[PDB]
Amino acid sequence: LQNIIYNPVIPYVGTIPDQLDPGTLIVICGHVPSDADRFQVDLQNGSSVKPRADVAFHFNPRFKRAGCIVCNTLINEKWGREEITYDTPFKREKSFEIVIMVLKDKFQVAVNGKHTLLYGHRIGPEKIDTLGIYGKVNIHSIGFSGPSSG
Ligand SMILES: OC[C@H]1O[C@@H](O[C@H]2[C@H](O)[C@@H](O)[C@H](O)O[C@@H]2CO)[C@H](O)[C@@H](O)[C@H]1O
């Protein structure tokens, strides 16, 4: 991988190395803390806190009850329609590997080598230049792979 970040402190907010052109991969390896309630991975347009930066893609695994993954987009500080995935591969006290592939019309996400969900772009991905990770989660590494990697 390229531009790897190891054991980052959460909350984590860092500029992404390259434009997320179709085919780009975002690999995030971590572990879910005991009794974690939730955590999130946000692909943002900037790092402004106020006004809060738009979130092109909000990937938010929730663990209470049966557990799920909520995906949404924040525009001008307003959340849009939630897209919920009820078949979540995340579990407390277990490690994980998240692979987000940026396609032309959507994001494709796989966890632990298994397809998990799709999310159509609401904001042009070229507007994303910042990665944010918040919540109860331990991140081991963050890596990026461009479309022409090899
Ligand atoms: O949509 C992502 C956004 O959800 C907020 O919580 C929502 C909740 O998921 C929804 O079921 C309820 O109707 O409205 C709540 C907001 O008022 C989270 O608080 C926010 O951090 C994001 O995760």
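Note that we place each Cβ from the backbone using ideal geometry, even for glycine, and neighbour counts take in every protein chain shown. We did not get these values from a lab; they are worked out from the coordinates using the rules stated.
All but one of (1) without any contact (Cβ under 8 Å) to a residue 12 or more places away in the chain; (2) not in a strand (DSSP E or B); (3) not basic (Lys, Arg) hold for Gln108; state the number of the condition that does not hold.
It fails just one condition, (2).
Can you tell which of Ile4, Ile10 is within 16 Å of the ligand (Cβ to nearest atom), surrounded by fewer than 19 Cβ atoms within 10 Å (Cβ to Cβ), in contact (Cβ under 8 Å) with a residue 40 or more places away in the chain and more than 16 Å from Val109 (Cα to Cα)? So that I can check it myself, show each step before the final result.
Working: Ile4 fails: within 16 Å of the ligand (Cβ to nearest atom).
Exactly one of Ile4, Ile10 is within 16 Å of the ligand (Cβ to nearest atom), surrounded by fewer than 19 Cβ atoms within 10 Å (Cβ to Cβ), in contact (Cβ under 8 Å) with a residue 40 or more places away in the chain and more than 16 Å from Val109 (Cα to Cα), namely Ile10.
With the requirement that a residue be more than 16 Å from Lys127 (Cα to Cα) and part of a strand (DSSP E or B), what does the range 73-100 give you?
Within the range 73-100, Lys78, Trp79, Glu83, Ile84, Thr85, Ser95, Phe96, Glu97, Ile98, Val99, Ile100 qualify.
Hey, among the residues in the range 103-150 that are basic (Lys, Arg) and closer than 15 Å to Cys29 by Cα, which one's surrounded by the most Cβ atoms within 10 Å (Cβ to Cβ)?
Taking the range 103-150 as the starting set, the residues that turn out to be basic (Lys, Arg) are 104, 106, 114, 122, 127, 136.
From what's left, closer than 15 Å to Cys29 by Cα: 114, 136.
Working: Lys114: 9, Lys136: 15.
Checked the range 103-150; the qualifying residue surrounded by the most Cβ atoms within 10 Å (Cβ to Cβ) is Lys136.
Quickly run through the range 61-83 and pick out the residues that are within 9 Å of the ligand (Cβ to nearest atom), free of Cβ contacts under 8 Å to residues at least 40 places away in the same chain and under 24 Å from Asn138 (Cβ atoms).
The answer is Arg62, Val70, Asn72.
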